[PDB]
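Just the one chain here, laid out as structure tokens, in the form deposited in one PDB entry.
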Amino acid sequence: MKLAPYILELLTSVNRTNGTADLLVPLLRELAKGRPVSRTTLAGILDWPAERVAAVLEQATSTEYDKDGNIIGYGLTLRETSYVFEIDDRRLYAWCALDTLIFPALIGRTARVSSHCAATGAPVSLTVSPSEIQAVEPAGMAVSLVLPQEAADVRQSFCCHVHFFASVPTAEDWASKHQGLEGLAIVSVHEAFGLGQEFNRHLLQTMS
């Protein structure tokens, strides 16, 4: 239940260059409107030249673009994933279970989150607000964690192993067949949410 290593490594992998955190929050808030985000829109919000925005994103290897070259994915995405993340009347998606717990606080909006247990396929859902989770169904929902790798693409090294599960026992049974996953751990969705809070606290402190 010692979570500092996860926080530290996730911060290091997310914070590739200066301005990343300054860029990320407004980007998330724009994406949350459910439409592709142009680099010029970001430039305007931030008061940066579009050239600088381009510089930041260049380092964010996993960033998803549409056929128009607009941003459609950076943690929160318009491209379908296993993690549905709805704000108001807009269906968005997230790259992993932990993202769904972290983003509402950064966006400042409540999200309806839904997915399926990675071990059993059972539907899972909850409401995530910037301060708390509610309507956790099933109530014993769990999350898998692994240790992020600093220089690797965050999706292939972290996101793809961070799932929701129907319960802790179910997830632990699943985990027994997943050795070599560095720092693989099962926590309750509540502990994962608390992890997200500490992550956010450290991330926001690095903003201008």
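When you see a residue number, it is the position in the sequence shown, counting from 1. C-alpha atoms forming the largest set that superposes within 1.5 Å between two forms make up the rigid core.
Just so it is clear, the following notes concern the form deposited in another entry, a form of the same protein that is not shown.
- The two forms, fitted on the rigid core, differ between this form and the one not shown by 2 Å or more at the CA of residue 58.
- In this overlay on the rigid core, residue 69 has a C-alpha that sits less than 2 Å away from its partner position between this form and the one not shown.
- Put the two forms on the same core and the Cα of residue 15 is off by 2 Å or more between this form and the one not shown.
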